[PDB]
Amino acid sequence: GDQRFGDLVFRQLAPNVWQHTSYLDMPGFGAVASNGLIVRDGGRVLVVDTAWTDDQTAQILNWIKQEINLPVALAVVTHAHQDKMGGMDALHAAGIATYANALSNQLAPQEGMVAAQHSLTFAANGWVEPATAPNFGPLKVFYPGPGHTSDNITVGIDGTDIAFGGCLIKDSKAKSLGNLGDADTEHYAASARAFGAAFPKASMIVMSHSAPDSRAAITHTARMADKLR
Ligand SMILES: C[C@H](CS)C(=O)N1CCc2ccccc2[C@@H]1C(=O)O
Ligand SMILES: [Zn+2]
Ligand SMILES: [Zn+2]
């Protein structure tokens with residue numbers, strides 16, 4: 001199931017949904033996978049998260065051209081860290097409209113990232129303000145609260161069993177929540193539970209640093225975050 005294309009891996013999760021995976025050495029910790037999503041909506045393609053680098057992100061676009069051969073209408077990126085936004089210039093070079101949380105766009109320069117072209121904002125209960133996410137089709141964007149970072153957002157795919165927790169959610173066997181330097185340890189647990197509650201029909205939880213898991217990833221993440229309060 002893991003289709004290799006250059007240095008990336010693509011895995012079909014549903015008839016119109018694929019996981020993209022790219023790798024970057026984090027010295028002393030290995031070649032770390034980061035996952036995002038590709039969704040076909042009719043005659044166009046939507047991307048969730050870049051790869052770590054421009055070159056890897058251009059490879060995503062080349063895979064899409066070969067395996068889907070439809071235009072990429074937009075991309076949404078889920079926080080201002082390199083695994084999610086490191087390939088912004090490649091998306092812009094391809095003419096793809098890009099979207100991020102307004103706070104991610106604000107943070108991008110200090111994080112060494114190129115900002116997305118458009119900013120998403122969110123209602124008090126986390127759902128995206130629809131005028132800021134035009135043409136998102138089946139992508140349902142939700143801000144669960146601060147957790148892994150203050151800007152982290154999540155995305156469900158309507159018409160599927162899939163929701164994407166990004167780097168907020170760890171798998172059900174993870175030993176910890178990882179680096180907490182940008183994290184909000186007071187609010188993380190509630191944000192993890194809010195993601196679960198936003199997407200109650202998503203039995204397949206996709207996340208950035210582990211393979212797709214059951215909803216036990218959400219409960220385990222929440223329980224780990226409870227430990228930190
Ligand atoms: C660059 C990304 C942005 S989320 C990052 O910081 N990661 C990625 C996953 C990983 C794996 C091994 C060691 C550290 C990390 C670290 C973390 O989450 O702690
Ligand atoms: Zn991150
Ligand atoms: Zn990450």
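All residue numbers in this chain count up from 1 along the given sequence. The analysis underlying the following values was restricted to heavy atoms, covering all of them including side chains, and did not include hydrogens, waters or symmetry mates.
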Which pair of non-hydrogen atoms, one from [X] and one from [Y], has the smallest distance, and what is that distance?
X    : Y    : result
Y143 : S150 : OH-O, 2.8 Å
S119 : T132 : O-CB, 3.6 Å
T50  : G86  : OG1-N, 3.2 Å
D54  : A90  : OD1-N, 3.1 Å
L61  : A94  : CD1-CB, 3.6 Å
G145 : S191 : C-OG, 3.1 Å

For the [atom1] atom of [X] and the [atom2] atom of [Y], what is their distance to the nearest 0.5 Å?
X    : Y    : atom1 : atom2 : value
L91  : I96  : CG    : CD1   : 5.0 Å
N35  : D83  : CG    : CG    : 9.5 Å
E129 : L120 : CD    : CG    : 10.5 Å
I68  : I38  : CD1   : CD1   : 6.0 Å
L139 : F164 : CG    : CZ    : 11.5 Å
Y23  : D7   : OH    : CG    : 8.5 Å

Flag side-chain contact, heavy atom, 4.5 Å: [X] against [Y]:
X    : Y    : result
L177 : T221 : yes
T154 : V141 : no
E111 : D182 : yes
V32  : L24  : no
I218 : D213 : no
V114 : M85  : no
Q56  : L8   : yes
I205 : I169 : yes

Out of curiosity, does [Y] fall in the hydrophobic cluster containing [X] (side-chain heavy atoms, cut-off under 4.5 Å, transitive links)?
X    : Y    : result
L13  : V9   : no
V17  : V76  : yes
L46  : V128 : yes
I157 : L70  : no
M113 : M88  : yes

- prompt: With under 30° as parallel and over 60° as perpendicular, where do the rings of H20 and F10 fit, or are they tilted in between?
  reply: tilted

query: Do the ring planes of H209 and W52 sit parallel (below 30°), tilted (30 to 60°) or perpendicular (above 60°)?
result: tilted

Can [X] and [Y] be counted as having a side-chain donor-acceptor contact under 3.5 angstrom?
X    : Y    : result
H187 : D184 : yes
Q3   : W18  : no
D55  : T53  : no

- line: Those residues at least two apart in sequence (or on a different chain) that pass side-chain hydrogen bond (donor to acceptor under 3.5 Å, both in side chains) with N62 are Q59

So does [Y] get a backbone contact from the side chain of [X], meaning a donor-acceptor N/O pair under 3.5 Å?
X    : Y    : result
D49  : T78  : yes
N101 : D151 : yes
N69  : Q66  : no

task: Begin with the C-alpha distance, continue with both residues' side-chain angles, and end with the deciding distance and a verdict on side-chain contact (heavy atoms from CB on, under 4.5 Å) for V155 and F136.
output: CA-CA 11 Å; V155 187; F136 269 50; over 6 Å; no

- prompt: How would you list, by chain and number, every residue that makes a salt bridge (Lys or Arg N to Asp or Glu O under 4.0 Å) with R193, sequence neighbours excluded?
  reply: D226

message: If we check side chain to side chain donor-acceptor pair (under 3.5 Å) with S208, which of these qualifies: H148, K84, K170, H79?
response: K84

- prompt: Taking the six-membered ring for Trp, is the centroid-to-centroid distance between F199 and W127 below 6.0 Å?
  reply: yes

- request: State yes or no: are the ring centers of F122 and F142 separated by less than 6.0 Å?
  value: no

- request: Can you tell me which residue pairs pass the salt bridge (charged side-chain N to carboxylate O under 4.0 Å, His left out) test with a partner in residues 22-48, sequence neighbours excluded?
  value: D41-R44

